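Listing of data-v8.cif, mmCIF, C-alpha atoms; chains and numbers go by the auth columns
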```
data_upload
loop_
_atom_site.group_PDB
_atom_site.id
_atom_site.type_symbol
_atom_site.label_atom_id
_atom_site.label_comp_id
_atom_site.label_asym_id
_atom_site.label_seq_id
_atom_site.Cartn_x
_atom_site.Cartn_y
_atom_site.Cartn_z
_atom_site.B_iso_or_equiv
_atom_site.auth_seq_id
_atom_site.auth_asym_id
ATOM 1 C CA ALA A 1 0.000 0.000 0.000 0.00 74 A
ATOM 2 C CA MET A 2 1.988 2.967 -1.318 0.00 75 A
ATOM 3 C CA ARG A 3 0.780 6.482 -0.457 0.00 76 A
ATOM 4 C CA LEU A 4 1.600 8.681 -3.468 0.00 77 A
ATOM 5 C CA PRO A 5 -0.950 11.543 -3.610 0.00 78 A
ATOM 6 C CA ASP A 6 0.450 12.931 -6.859 0.00 79 A
ATOM 7 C CA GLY A 7 -1.808 11.439 -9.557 0.00 80 A
ATOM 8 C CA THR A 8 -0.536 7.844 -9.340 0.00 81 A
ATOM 9 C CA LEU A 9 -1.392 5.549 -6.418 0.00 82 A
ATOM 10 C CA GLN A 10 0.525 2.260 -6.647 0.00 83 A
ATOM 11 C CA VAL A 11 -1.449 -0.486 -4.904 0.00 84 A
ATOM 12 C CA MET A 12 -0.188 -4.067 -5.159 0.00 85 A
ATOM 13 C CA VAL A 13 -2.918 -6.687 -4.825 0.00 86 A
ATOM 14 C CA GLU A 14 -2.698 -10.464 -4.409 0.00 87 A
ATOM 15 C CA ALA A 15 -5.968 -11.824 -5.768 0.00 88 A
ATOM 16 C CA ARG A 16 -7.770 -14.665 -3.991 0.00 89 A
ATOM 17 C CA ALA A 17 -10.362 -16.039 -6.433 0.00 90 A
ATOM 18 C CA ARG A 18 -12.546 -14.897 -9.302 0.00 91 A
ATOM 19 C CA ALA A 19 -16.214 -14.002 -8.917 0.00 92 A
ATOM 20 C CA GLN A 20 -19.239 -13.173 -11.043 0.00 93 A
ATOM 21 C CA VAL A 21 -19.962 -9.484 -11.645 0.00 94 A
ATOM 22 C CA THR A 22 -23.594 -8.958 -10.639 0.00 95 A
ATOM 23 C CA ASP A 23 -24.254 -5.442 -11.949 0.00 96 A
ATOM 24 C CA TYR A 24 -22.670 -1.992 -12.284 0.00 97 A
ATOM 25 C CA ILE A 25 -23.070 1.272 -10.362 0.00 98 A
ATOM 26 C CA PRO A 26 -22.591 4.463 -12.428 0.00 99 A
ATOM 27 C CA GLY A 27 -19.945 6.841 -11.144 0.00 100 A
ATOM 28 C CA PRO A 28 -17.545 8.428 -11.088 0.00 101 A
ATOM 29 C CA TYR A 29 -16.220 6.478 -9.535 0.00 102 A
ATOM 30 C CA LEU A 30 -17.757 3.177 -10.621 0.00 103 A
ATOM 31 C CA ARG A 31 -18.670 0.228 -8.405 0.00 104 A
ATOM 32 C CA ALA A 32 -19.573 -3.388 -9.094 0.00 105 A
ATOM 33 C CA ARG A 33 -21.099 -6.262 -7.145 0.00 106 A
ATOM 34 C CA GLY A 34 -19.622 -9.740 -6.929 0.00 107 A
ATOM 35 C CA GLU A 35 -20.218 -13.160 -5.431 0.00 108 A
ATOM 36 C CA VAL A 36 -18.097 -15.166 -2.956 0.00 109 A
ATOM 37 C CA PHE A 37 -14.692 -16.576 -3.900 0.00 110 A
ATOM 38 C CA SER A 38 -14.765 -19.106 -6.730 0.00 111 A
ATOM 39 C CA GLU A 39 -13.884 -22.115 -4.576 0.00 112 A
ATOM 40 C CA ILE A 40 -15.232 -24.711 -7.045 0.00 113 A
ATOM 41 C CA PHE A 41 -12.735 -26.122 -9.542 0.00 114 A
ATOM 42 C CA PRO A 42 -12.248 -29.343 -11.511 0.00 115 A
ATOM 43 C CA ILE A 43 -10.304 -32.278 -10.075 0.00 116 A
ATOM 44 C CA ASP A 44 -7.662 -34.710 -11.331 0.00 117 A
ATOM 45 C CA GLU A 45 -5.264 -32.248 -9.696 0.00 118 A
ATOM 46 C CA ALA A 46 -2.441 -34.781 -10.136 0.00 119 A
ATOM 47 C CA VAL A 47 -2.487 -34.346 -13.914 0.00 120 A
ATOM 48 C CA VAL A 48 -2.798 -30.609 -13.246 0.00 121 A
ATOM 49 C CA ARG A 49 0.467 -30.761 -11.267 0.00 122 A
ATOM 50 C CA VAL A 50 2.102 -32.757 -14.067 0.00 123 A
ATOM 51 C CA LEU A 51 0.949 -30.036 -16.467 0.00 124 A
ATOM 52 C CA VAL A 52 2.349 -27.475 -14.004 0.00 125 A
ATOM 53 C CA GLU A 53 5.746 -29.164 -14.298 0.00 126 A
ATOM 54 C CA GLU A 54 5.411 -29.088 -18.088 0.00 127 A
ATOM 55 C CA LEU A 55 4.288 -25.438 -17.860 0.00 128 A
ATOM 56 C CA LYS A 56 7.464 -24.640 -15.931 0.00 129 A
ATOM 57 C CA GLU A 57 9.376 -26.390 -18.719 0.00 130 A
ATOM 58 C CA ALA A 58 7.543 -24.332 -21.353 0.00 131 A
ATOM 59 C CA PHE A 59 8.077 -21.053 -19.481 0.00 132 A
ATOM 60 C CA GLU A 60 11.783 -21.844 -19.086 0.00 133 A
ATOM 61 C CA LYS A 61 11.892 -22.392 -22.853 0.00 134 A
ATOM 62 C CA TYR A 62 9.970 -19.111 -23.218 0.00 135 A
ATOM 63 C CA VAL A 63 11.903 -16.640 -21.058 0.00 136 A
ATOM 64 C CA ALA A 64 15.295 -18.040 -22.097 0.00 137 A
ATOM 65 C CA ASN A 65 14.405 -17.395 -25.745 0.00 138 A
ATOM 66 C CA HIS A 66 12.411 -14.243 -24.899 0.00 139 A
ATOM 67 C CA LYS A 67 15.213 -12.030 -23.633 0.00 140 A
ATOM 68 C CA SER A 68 13.982 -9.244 -25.934 0.00 141 A
ATOM 69 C CA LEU A 69 10.899 -8.780 -23.727 0.00 142 A
ATOM 70 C CA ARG A 70 13.173 -7.377 -20.975 0.00 143 A
ATOM 71 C CA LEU A 71 11.671 -9.820 -18.472 0.00 144 A
ATOM 72 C CA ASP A 72 14.101 -10.603 -15.668 0.00 145 A
ATOM 73 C CA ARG A 73 15.139 -14.131 -14.723 0.00 146 A
ATOM 74 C CA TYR A 74 13.735 -13.508 -11.227 0.00 147 A
ATOM 75 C CA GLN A 75 10.298 -14.367 -12.647 0.00 148 A
ATOM 76 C CA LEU A 76 11.699 -17.859 -13.311 0.00 149 A
ATOM 77 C CA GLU A 77 12.886 -18.035 -9.678 0.00 150 A
ATOM 78 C CA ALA A 78 9.383 -17.845 -8.152 0.00 151 A
ATOM 79 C CA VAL A 79 7.936 -21.027 -9.705 0.00 152 A
ATOM 80 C CA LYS A 80 9.945 -23.012 -7.143 0.00 153 A
ATOM 81 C CA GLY A 81 8.092 -24.043 -4.004 0.00 154 A
ATOM 82 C CA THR A 82 4.691 -24.058 -5.733 0.00 155 A
ATOM 83 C CA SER A 83 2.084 -25.439 -3.319 0.00 156 A
ATOM 84 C CA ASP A 84 -0.865 -24.862 -5.676 0.00 157 A
ATOM 85 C CA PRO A 85 -1.234 -25.339 -9.456 0.00 158 A
ATOM 86 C CA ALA A 86 -3.566 -22.348 -9.886 0.00 159 A
ATOM 87 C CA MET A 87 -1.119 -19.759 -8.538 0.00 160 A
ATOM 88 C CA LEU A 88 1.675 -20.979 -10.822 0.00 161 A
ATOM 89 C CA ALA A 89 -0.677 -21.092 -13.811 0.00 162 A
ATOM 90 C CA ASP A 90 -1.808 -17.504 -13.202 0.00 163 A
ATOM 91 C CA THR A 91 1.751 -16.302 -12.520 0.00 164 A
ATOM 92 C CA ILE A 92 2.976 -17.768 -15.813 0.00 165 A
ATOM 93 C CA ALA A 93 -0.101 -16.409 -17.617 0.00 166 A
ATOM 94 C CA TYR A 94 0.628 -12.852 -16.468 0.00 167 A
ATOM 95 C CA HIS A 95 4.443 -12.989 -16.601 0.00 168 A
ATOM 96 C CA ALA A 96 4.387 -13.574 -20.383 0.00 169 A
ATOM 97 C CA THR A 97 3.525 -10.393 -22.272 0.00 170 A
ATOM 98 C CA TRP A 98 0.947 -10.513 -25.068 0.00 171 A
ATOM 99 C CA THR A 99 -2.395 -8.887 -25.891 0.00 172 A
ATOM 100 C CA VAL A 100 -4.462 -7.884 -22.866 0.00 173 A
ATOM 101 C CA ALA A 101 -7.510 -9.642 -24.342 0.00 174 A
ATOM 102 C CA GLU A 102 -5.885 -13.082 -24.082 0.00 175 A
ATOM 103 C CA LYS A 103 -4.586 -12.384 -20.568 0.00 176 A
ATOM 104 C CA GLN A 104 -8.107 -11.364 -19.543 0.00 177 A
ATOM 105 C CA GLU A 105 -9.760 -14.377 -21.184 0.00 178 A
ATOM 106 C CA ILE A 106 -7.342 -16.407 -19.061 0.00 179 A
ATOM 107 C CA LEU A 107 -9.084 -14.878 -16.032 0.00 180 A
ATOM 108 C CA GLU A 108 -12.653 -15.091 -17.364 0.00 181 A
ATOM 109 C CA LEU A 109 -12.557 -18.889 -17.721 0.00 182 A
ATOM 110 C CA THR A 110 -13.560 -20.575 -14.459 0.00 183 A
ATOM 111 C CA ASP A 111 -12.177 -23.939 -15.622 0.00 184 A
ATOM 112 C CA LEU A 112 -8.900 -24.581 -13.805 0.00 185 A
ATOM 113 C CA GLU A 113 -7.568 -27.108 -16.328 0.00 186 A
ATOM 114 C CA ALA A 114 -8.530 -25.231 -19.505 0.00 187 A
ATOM 115 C CA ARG A 115 -6.565 -22.226 -18.220 0.00 188 A
ATOM 116 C CA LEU A 116 -3.323 -24.227 -18.336 0.00 189 A
ATOM 117 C CA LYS A 117 -4.097 -25.345 -21.899 0.00 190 A
ATOM 118 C CA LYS A 118 -4.757 -21.720 -22.877 0.00 191 A
ATOM 119 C CA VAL A 119 -1.464 -20.659 -21.272 0.00 192 A
ATOM 120 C CA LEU A 120 0.443 -23.401 -23.104 0.00 193 A
ATOM 121 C CA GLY A 121 -1.167 -22.466 -26.416 0.00 194 A
ATOM 122 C CA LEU A 122 -0.368 -18.776 -26.010 0.00 195 A
ATOM 123 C CA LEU A 123 3.208 -19.559 -24.937 0.00 196 A
ATOM 124 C CA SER A 124 3.689 -21.707 -28.046 0.00 197 A
ATOM 125 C CA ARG A 125 2.149 -18.914 -30.132 0.00 198 A
ATOM 126 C CA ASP A 126 4.645 -16.407 -28.735 0.00 199 A
ATOM 127 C CA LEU A 127 7.435 -18.946 -29.302 0.00 200 A
ATOM 128 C CA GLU A 128 6.611 -19.301 -33.000 0.00 201 A
ATOM 129 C CA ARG A 129 6.239 -15.520 -33.182 0.00 202 A
ATOM 130 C CA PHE A 130 9.793 -15.123 -31.854 0.00 203 A
ATOM 131 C CA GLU A 131 10.976 -17.811 -34.279 0.00 204 A
ATOM 132 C CA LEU A 132 9.605 -15.985 -37.311 0.00 205 A
ATOM 133 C CA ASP A 133 10.841 -12.664 -35.909 0.00 206 A
ATOM 134 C CA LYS A 134 14.352 -14.110 -36.055 0.00 207 A
ATOM 135 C CA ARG A 135 13.571 -15.668 -39.448 0.00 208 A
ATOM 136 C CA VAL A 136 12.500 -12.385 -41.029 0.00 209 A
ATOM 137 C CA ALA A 137 15.492 -10.742 -39.352 0.00 210 A
ATOM 138 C CA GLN A 138 17.973 -12.812 -41.345 0.00 211 A
ATOM 139 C CA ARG A 139 15.636 -12.646 -44.339 0.00 212 A
ATOM 140 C CA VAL A 140 15.614 -8.838 -44.372 0.00 213 A
ATOM 141 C CA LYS A 141 19.391 -8.817 -43.855 0.00 214 A
ATOM 142 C CA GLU A 142 19.692 -11.072 -46.907 0.00 215 A
ATOM 143 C CA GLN A 143 17.372 -8.690 -48.764 0.00 216 A
ATOM 144 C CA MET A 144 19.727 -5.804 -47.966 0.00 217 A
ATOM 145 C CA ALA B 1 -36.586 -42.441 4.898 0.00 74 B
ATOM 146 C CA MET B 2 -36.713 -39.171 6.842 0.00 75 B
ATOM 147 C CA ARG B 3 -38.938 -36.128 6.405 0.00 76 B
ATOM 148 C CA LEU B 4 -37.449 -32.759 5.462 0.00 77 B
ATOM 149 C CA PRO B 5 -39.622 -29.839 6.705 0.00 78 B
ATOM 150 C CA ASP B 6 -39.182 -27.929 3.441 0.00 79 B
ATOM 151 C CA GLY B 7 -41.345 -29.640 0.786 0.00 80 B
ATOM 152 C CA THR B 8 -39.235 -32.582 -0.407 0.00 81 B
ATOM 153 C CA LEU B 9 -39.495 -36.272 0.468 0.00 82 B
ATOM 154 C CA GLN B 10 -36.055 -37.597 1.449 0.00 83 B
ATOM 155 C CA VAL B 11 -35.755 -41.377 1.039 0.00 84 B
ATOM 156 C CA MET B 12 -32.583 -43.416 0.415 0.00 85 B
ATOM 157 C CA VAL B 13 -33.047 -46.433 -1.863 0.00 86 B
ATOM 158 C CA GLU B 14 -30.804 -49.352 -2.777 0.00 87 B
ATOM 159 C CA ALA B 15 -31.438 -51.894 -5.527 0.00 88 B
ATOM 160 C CA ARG B 16 -30.912 -55.561 -4.658 0.00 89 B
ATOM 161 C CA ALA B 17 -31.820 -57.609 -7.744 0.00 90 B
ATOM 162 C CA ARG B 18 -33.466 -57.087 -11.118 0.00 91 B
ATOM 163 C CA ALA B 19 -36.966 -58.455 -11.677 0.00 92 B
ATOM 164 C CA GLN B 20 -38.791 -59.267 -14.902 0.00 93 B
ATOM 165 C CA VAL B 21 -41.870 -57.250 -15.869 0.00 94 B
ATOM 166 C CA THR B 22 -45.063 -58.955 -17.058 0.00 95 B
ATOM 167 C CA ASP B 23 -47.759 -56.267 -17.301 0.00 96 B
ATOM 168 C CA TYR B 24 -48.566 -52.766 -16.076 0.00 97 B
ATOM 169 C CA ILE B 25 -51.216 -51.401 -13.718 0.00 98 B
ATOM 170 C CA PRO B 26 -52.916 -48.131 -14.765 0.00 99 B
ATOM 171 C CA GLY B 27 -52.144 -45.077 -12.678 0.00 100 B
ATOM 172 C CA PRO B 28 -51.672 -42.802 -10.961 0.00 101 B
ATOM 173 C CA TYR B 29 -49.916 -44.351 -9.390 0.00 102 B
ATOM 174 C CA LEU B 30 -47.995 -47.219 -10.999 0.00 103 B
ATOM 175 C CA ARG B 31 -47.628 -50.720 -9.554 0.00 104 B
ATOM 176 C CA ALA B 32 -45.747 -53.794 -10.736 0.00 105 B
ATOM 177 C CA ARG B 33 -45.860 -57.540 -10.134 0.00 106 B
ATOM 178 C CA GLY B 34 -42.614 -59.214 -9.121 0.00 107 B
ATOM 179 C CA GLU B 35 -42.395 -62.658 -10.699 0.00 108 B
ATOM 180 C CA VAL B 36 -38.752 -63.605 -10.029 0.00 109 B
ATOM 181 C CA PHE B 37 -35.552 -61.827 -8.973 0.00 110 B
ATOM 182 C CA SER B 38 -33.004 -63.251 -11.414 0.00 111 B
ATOM 183 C CA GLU B 39 -29.340 -62.543 -10.648 0.00 112 B
ATOM 184 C CA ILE B 40 -26.696 -65.179 -11.342 0.00 113 B
ATOM 185 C CA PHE B 41 -24.101 -66.006 -8.692 0.00 114 B
ATOM 186 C CA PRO B 42 -20.394 -65.924 -9.662 0.00 115 B
ATOM 187 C CA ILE B 43 -19.522 -69.392 -10.977 0.00 116 B
ATOM 188 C CA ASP B 44 -15.853 -70.390 -11.388 0.00 117 B
ATOM 189 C CA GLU B 45 -14.702 -66.945 -10.250 0.00 118 B
ATOM 190 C CA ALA B 46 -11.130 -67.103 -11.728 0.00 119 B
ATOM 191 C CA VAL B 47 -12.123 -65.699 -15.129 0.00 120 B
ATOM 192 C CA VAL B 48 -14.741 -63.459 -13.519 0.00 121 B
ATOM 193 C CA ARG B 49 -12.188 -61.894 -11.165 0.00 122 B
ATOM 194 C CA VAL B 50 -9.607 -61.532 -13.949 0.00 123 B
ATOM 195 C CA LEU B 51 -12.155 -59.533 -15.946 0.00 124 B
ATOM 196 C CA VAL B 52 -13.046 -57.653 -12.742 0.00 125 B
ATOM 197 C CA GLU B 53 -9.400 -56.627 -12.305 0.00 126 B
ATOM 198 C CA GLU B 54 -9.221 -55.589 -15.962 0.00 127 B
ATOM 199 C CA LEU B 55 -12.486 -53.637 -15.628 0.00 128 B
ATOM 200 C CA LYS B 56 -11.201 -51.823 -12.538 0.00 129 B
ATOM 201 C CA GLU B 57 -7.936 -50.968 -14.313 0.00 130 B
ATOM 202 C CA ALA B 58 -9.909 -49.651 -17.294 0.00 131 B
ATOM 203 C CA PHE B 59 -12.110 -47.551 -14.997 0.00 132 B
ATOM 204 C CA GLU B 60 -9.010 -46.179 -13.251 0.00 133 B
ATOM 205 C CA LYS B 61 -7.618 -45.155 -16.644 0.00 134 B
ATOM 206 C CA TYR B 62 -11.038 -43.660 -17.455 0.00 135 B
ATOM 207 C CA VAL B 63 -10.893 -41.553 -14.284 0.00 136 B
ATOM 208 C CA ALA B 64 -7.262 -40.523 -14.878 0.00 137 B
ATOM 209 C CA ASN B 65 -8.110 -38.867 -18.261 0.00 138 B
ATOM 210 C CA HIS B 66 -10.399 -35.955 -17.323 0.00 139 B
ATOM 211 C CA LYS B 67 -9.835 -32.509 -18.837 0.00 140 B
ATOM 212 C CA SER B 68 -13.331 -30.951 -18.914 0.00 141 B
ATOM 213 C CA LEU B 69 -15.277 -33.285 -16.584 0.00 142 B
ATOM 214 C CA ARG B 70 -15.613 -33.721 -12.818 0.00 143 B
ATOM 215 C CA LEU B 71 -15.574 -37.153 -11.162 0.00 144 B
ATOM 216 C CA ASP B 72 -14.592 -37.570 -7.520 0.00 145 B
#
```
Could I get this file's structure written as structure tokens?
Amino acid sequence: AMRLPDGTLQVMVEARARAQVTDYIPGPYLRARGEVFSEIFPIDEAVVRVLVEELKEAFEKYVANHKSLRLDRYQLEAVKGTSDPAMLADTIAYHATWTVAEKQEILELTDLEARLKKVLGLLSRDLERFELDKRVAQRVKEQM
Amino acid sequence: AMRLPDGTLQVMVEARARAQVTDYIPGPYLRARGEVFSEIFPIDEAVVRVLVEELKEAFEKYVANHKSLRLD
């Protein structure tokens, strides 16, 4: 909780669980109503943990190749000691930079297991994007 | 079978054996005559228990492959 009364208040929040937005209250400033924490999730958590291990593998492949995103290696140092698959899945989903729409659709889906598949798909998409970025780099050099 | 003071009849059932059906009785409500309760006993259980083990292994593999379903 940083107190900066100069036009920018920096509040760092650790989210607990998603909830359904009931309605909206016109502002400014705006309000919204929500339900209790989303404590219902699918099971077969063992395969979810296996997919968490594979997600750590994929994110290690990601950040090591994605050094042009200026993302520090410290973000690869926090996936150790993971006591819950959901926190690691969300951390990897936010720590990889792409369009805000995909990051938000990661939140909107209440399915625990489909979120990991979405994260893996988007990580592979950014991987192939980096691959063709390199490809067109040498291609444009050859064009010169 | 216990009463719930809310508007729902709460009764636990458990099937024991299947019975053949001969004819129906007009309703409401419906009745049925029970002729026999046919259910074969396990005879020469070696093959039966081998298939039981295989069936349980197959069901375990069925449970271990959920990605959009929920089974406890």
Enter the distance from CA of residue 86 in chain B to CA of residue 74 in chain B, in Å, rounded to one decimal.
-> 8.6 Å
For chain B against chain A, which residues fall within 10 Å using only C-alpha atoms, given as a PyMOL selection string?
-> chain B and resi 136-145
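The nearest approach to residue 112 in chain A among the residues A:192, A:200, A:90, A:151, with all atoms listed in the file taken into account, belongs to A:90.
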Can you give me, as number ranges by chain, the residues this file yields under the PyMOL selection byres ((chain B and resi 106) around 8)?
-> B: 94-96, 104-105, 107-108
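Of note, CA of residue 102 in chain A and CA of residue 75 in chain A are spaced 20.3 Å apart.
Here CA of residue 131 in chain B is placed at a distance of 24.2 Å from CA of residue 112 in chain B.
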